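Worksheet for the structure shown next.
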Amino acid sequence: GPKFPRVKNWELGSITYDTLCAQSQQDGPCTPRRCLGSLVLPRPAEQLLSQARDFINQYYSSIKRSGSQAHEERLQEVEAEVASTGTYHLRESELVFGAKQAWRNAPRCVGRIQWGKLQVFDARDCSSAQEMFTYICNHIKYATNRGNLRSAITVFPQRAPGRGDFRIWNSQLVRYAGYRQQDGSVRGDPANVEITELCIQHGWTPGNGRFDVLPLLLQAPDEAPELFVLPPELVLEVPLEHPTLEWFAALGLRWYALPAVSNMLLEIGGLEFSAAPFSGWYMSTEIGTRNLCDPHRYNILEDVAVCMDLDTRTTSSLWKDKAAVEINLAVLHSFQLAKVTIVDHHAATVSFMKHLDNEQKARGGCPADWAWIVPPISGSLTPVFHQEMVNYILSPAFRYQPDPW
Amino acid sequence: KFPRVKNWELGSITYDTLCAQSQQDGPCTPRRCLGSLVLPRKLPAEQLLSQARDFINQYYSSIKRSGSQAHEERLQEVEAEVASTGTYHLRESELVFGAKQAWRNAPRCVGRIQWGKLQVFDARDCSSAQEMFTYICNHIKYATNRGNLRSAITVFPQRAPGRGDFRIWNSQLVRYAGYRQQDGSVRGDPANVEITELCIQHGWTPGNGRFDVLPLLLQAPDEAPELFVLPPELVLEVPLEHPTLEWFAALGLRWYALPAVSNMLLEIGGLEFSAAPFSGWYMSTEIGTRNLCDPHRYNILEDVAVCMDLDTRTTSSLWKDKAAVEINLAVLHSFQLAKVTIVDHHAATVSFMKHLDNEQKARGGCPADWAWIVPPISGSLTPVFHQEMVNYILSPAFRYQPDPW
Ligand code: HEM
Ligand code: HEM
Ligand SMILES: Fc1cccc(CCCNCCc2ccnc(-n3ccnc3)n2)c1
Ligand SMILES: Fc1cccc(CCCNCCc2ccnc(-n3ccnc3)n2)c1
Ligand SMILES: C[C@H](O)[C@H](O)[C@H]1CNc2nc(N)[nH]c(=O)c2N1
Ligand SMILES: C[C@H](O)[C@H](O)[C@H]1CNc2nc(N)[nH]c(=O)c2N1
Ligand SMILES: [Zn+2]
């Protein structure tokens, strides 16, 4: 056989070899001695030029003008630009290409079948926090599109030598408040206690509900962040009801439509875009299993099981399994009823296999994080469970970055 | 620089420093992570000697005698025997220690809380297929124990540089036949088509049901394997019914009580035992989810869905998830009613968490394969989902080896 990692599908018996991974410049957490793939937190002078060069080569290949005059001049242009300023800038269409390619490269995203259809908003002219808010609102309105959801990213100015970053402080554009109680419990989402307390320390008047939408804390270079409240009619939400358990609607559960990640760094050709929120549409277990059922999130499993009258006294009743199923169904059903785009874990992983097969033909491999791609309920029921995956970092990339506080 | 292992539900952090004792490489390297592969790709005398000394050291340490007369004299014994013969032999109590330690070290086993309670049968004085059979029968009898199962291992004679290995050709001691139909399909268990064909060809008379227990092919060194039918009365089986779905028993489903792995190689102190079958008791998802719902196994999810009257025509009705849940319920109910030891995936993973904790205290870590430990349904509903894990190879170890045909 060839000298590349052999990849196997155990449902179908079919083999592939990943040859893409040879183009991995940046290393991962693993050595020949121990496997750190399950761990969730994955722990320039001439160094910029070589990343830039390599990026410009990717751009040129993808437009098939590799080795052209236009290619060799762009490289010279980037040399010279780095030469006199320490940095360089991307052509509009270089940024569009880099953004889709960052998405294409993201090992943990299961929606990558869609990678080619990404609206890139170019917001590198933005010069204030107020202006970031407008751009974000535009993003929300465009991506939400009354429930007919549309992938999009907005790119604010790149990190710049010595001058401070644009940062959105919130981890998503839509997030519910988490209020620490005297009894030590939390009202709302325990995931958001810190950013809740920061919004208050920064003058937000806090509600006290279970599903208060957070204000955005936005930060322009070298300035304190500023608070912006989203006008409620921009933030589309779905009340959760269950197609047959009539009492589930009485639980007053809801979820927002737009999943928009706002604290990741987009790295292109060595340039770093510290503020570059992106959004897709939800895969249903992100809501019905993680957000509503994690013990450290809303944790509603016992409540739903009690209403369903299950024996919550014994693990072997499978009461957790039954409640989780019904919560996922409710989420699916309610987004359907509301006409808000959503995808179940079956449809999603099926499309993601199609994705793998496309990338196998197009680039000879596809970096994929098995733990993240396999859904949190019904694992071996989906085809990705039976698919081996190779995980590696390719650039352009979306990367985590330290919280700005 | 050591592995920092974090729990994402409780927020607590440990350090694995046990992996420092890993001598053998896993499928991973800096540039690409390979940990979701089922088979990692590979499937003088001082080498053997340092493995021996090392194991001998582990043993004496275990019994708190590390520097005794007994210790130094055992090391010279080992040394003298290797120098003169290129090999050596284990004392029965070292074997007992080695086998428990191989189980303890198995990264994929969720049952390791039990590791200290392992009945070890020394069958190293075996010399023919017939002797193998007798010992295998006593194993089954002992381990089965009328349904109150007990962990056991029987160890046949070690590989010898000279000659062919003792092998059990079956991958499990109890396995159902899979008969290929001239029209594509398989009657019985599709995972066993090959071993079913080999049995017929070495002259067994095949049945034609969905649940025909296979004979064993046992092979003494350099001989054609021989066929031994297990006497029905040793093979305890549990017919499947559901606590409330009355039609479910009509499905004529059943499964065997004894889960016994017979194709793995046991490596102690550099010695290799190519026939060393072991058994515990099932975790229910192995049967309810994988064996009966894998598409390429009994694949019964649609039949059940249709009896439950579900909307089969759409993924988003979650028909697969519902059916799977009841099928797993049926398995637990049925083993409980037959009074046959079983553990559901919630109890099992809770006890594996306790295990990691004991192991942290006792050894500074525990090798674990996240993708194997996390069950095939209801992942994030179990605490192991939320727990980071470090996979690495310690010896003594259970290993895969080539099929002997
Ligand atoms: C189009 C619909 C999309 C679906 C269904 C989807 C699905 C997912 C899911 C389920 C995850 C893992 C979330 C988690 O458990 O934390 C994920 C991660 C990710 N997605 Fe998407 N995604 C979509 C669109 C996008 C877009 C438009 C981008 C960027 C342009 C993107 C980039 C990412 C990245 C970077 C991650 C990993 C984030 C992390 O490590 O926390 N996705 N995706
Ligand atoms: C006491 C009850 C036990 C339970 C509940 C249990 C549970 C499990 C489970 C769920 C797996 C993964 C199985 C699969 O998906 O193929 C596994 C694998 C394994 N178990 Fe156990 N186990 C038990 C006893 C034992 C014993 C007695 C040994 C050996 C002495 C053992 C050694 C292993 C090994 C070596 C593997 C890896 C098998 C492979 O790679 O295919 N287990 N165990
Ligand atoms: F504290 C932490 C450290 C590292 C990862 C973590 C997981 C949260 C981030 N996962 C992204 C979740 C998320 C939310 C909304 N939308 C998306 N999204 C949008 C498009 N594709 C994915 N993804 C926590
Ligand atoms: F192609 C392959 C080659 C080797 C292993 C594979 C995985 C399946 C076998 N894993 C063990 C299954 C199994 C069955 C019964 N019992 C146990 N068992 C008993 C105690 N602990 C686990 N384990 C595929
Ligand atoms: C320890 C483990 O890596 C952690 O729970 C992971 C598992 N798989 C995941 N998968 C997705 N999609 N998202 C996550 O946050 C996680 N968390
Ligand atoms: C490709 C993937 O690693 C493969 O499906 C694994 C995943 N996890 C598993 N986990 C267990 N316990 N048993 C298995 O057979 C598998 N199969
Ligand atoms: Zn790895």
Side-chain angles (χ1 to χ4, degrees), chain A residues 10-13 386, chain B residues 129 132-133 136-137 140 144 167-219 224-242 245-263 277 279 282 286-307 323-324 327 330-331 334-335 338 340 403-405:
Chain A
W10 288 91
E11 183 199 341
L12 310 158
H386 313 275
Chain B
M132 295 177 68
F133 184 61
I136 277 159
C137 281
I140 291 180
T144 297
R167 302 285 313 253
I168 290 148
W169 278 34
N170 311 54
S171 61
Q172 282 182 53
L173 305 171
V174 194
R175 283 275 61 177
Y176 300 123
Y179 305 114
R180 184 140 42 215
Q181 314 303 218
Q182 6 81 102
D183 53 283
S185 65
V186 173
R187 182 148 179 75
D189 183 351
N192 301 327
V193 187
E194 235 219 323
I195 181 75
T196 301
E197 276 143 8
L198 295 173
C199 292
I200 295 178
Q201 178 196 110
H202 290 72
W204 160 71
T205 314
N208 70 308
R210 297 191 67 192
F211 301 102
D212 290 345
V213 177
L214 274 168
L216 308 173
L217 287 161
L218 304 189
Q219 182 175 49
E226 328 179 18
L227 200 71
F228 304 87
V229 181
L230 290 163
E233 62 275 34
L234 303 176
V235 178
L236 175 59
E237 276 181 287
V238 166
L240 305 181
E241 48 170 283
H242 176 277
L245 302 162
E246 280 129 71
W247 47 266
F248 187 101
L251 286 178
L253 267 16
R254 65 221 281 146
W255 205 257
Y256 46 95
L258 183 64
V261 172
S262 49
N263 58 184
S279 61
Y282 266 118
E286 288 176 89
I287 305 178
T289 302
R290 305 295 315 277
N291 295 356
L292 297 167
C293 299
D294 277 3
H296 52 295
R297 296 296 303 286
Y298 283 84
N299 185 207
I300 78 171
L301 234 26
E302 194 169 30
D303 288 323
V304 184
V306 176
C307 308
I327 291 153
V331 156
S334 303
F335 275 62
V340 176
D403 306 290
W405 61 84

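Quick note on labels: first sequence line is chain A, next is B, and so on, each numbered from 1. Heavy atoms only: backbone and side chains are in, while hydrogens, waters and symmetry mates are out.
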Q: Ignoring hydrogens and angles, state whether a donor on the side chain of B:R175 or B:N170 is under 3.5 Å from an acceptor on the partner side chain.
A: no

Check the pair B:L217 / B:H202 against side-chain contact (heavy atoms from CB on, under 4.5 Å), numbers first and verdict last.
-> CA-CA 9 Å; B:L217 287 161; B:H202 290 72; 4.0 Å; yes

Looking only at heavy atoms, the pair that brings B:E241 and B:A249 closest together is CB-CB, 3.8 Å

Checking B:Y256, B:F335, B:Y298 against B:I287 for side-chain contact (heavy atoms from CB on, under 4.5 Å), the one that qualifies is B:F335

inquiry  = Could you check whether B:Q219 and B:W169, counting side-chain N and O atoms only, form a donor-acceptor pair closer than 3.5 Å?
reply    = yes

d(A:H386 NE2, A:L12 CG) to nearest 0.5 Å is 9.5 Å

Next on the checklist: For B:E197 and B:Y179, which I'm curious about, is there any donor-acceptor pair between the side chains at under 3.5 Å?
Outcome noted: no

Of B:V340, B:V331, B:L258, B:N291, the one forming a side-chain contact (heavy atoms from CB on, under 4.5 Å) with B:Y282 is B:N291

Smallest heavy-atom separation, B:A177 atom then B:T196 atom, equals CA-OG1, 3.3 Å

To the nearest 0.5 Å, atom CG of B:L292 lies from atom CG of B:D303 at 11.5 Å

Sub-3.5 Å donor-acceptor pair from the side chain of B:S262 to the main-chain atoms of B:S171, do we have one?
yes

Exercise. Is the side chain of B:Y176 donor-acceptor paired with the backbone N or O of B:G188 at a distance under 3.5 Å, no angle test?
Worked result: no

Query raised in the report: Would a distance-only check, ignoring hydrogens and angles, find a side-chain to backbone donor-acceptor pair under 3.5 Å from B:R254 to B:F211?
Result: no

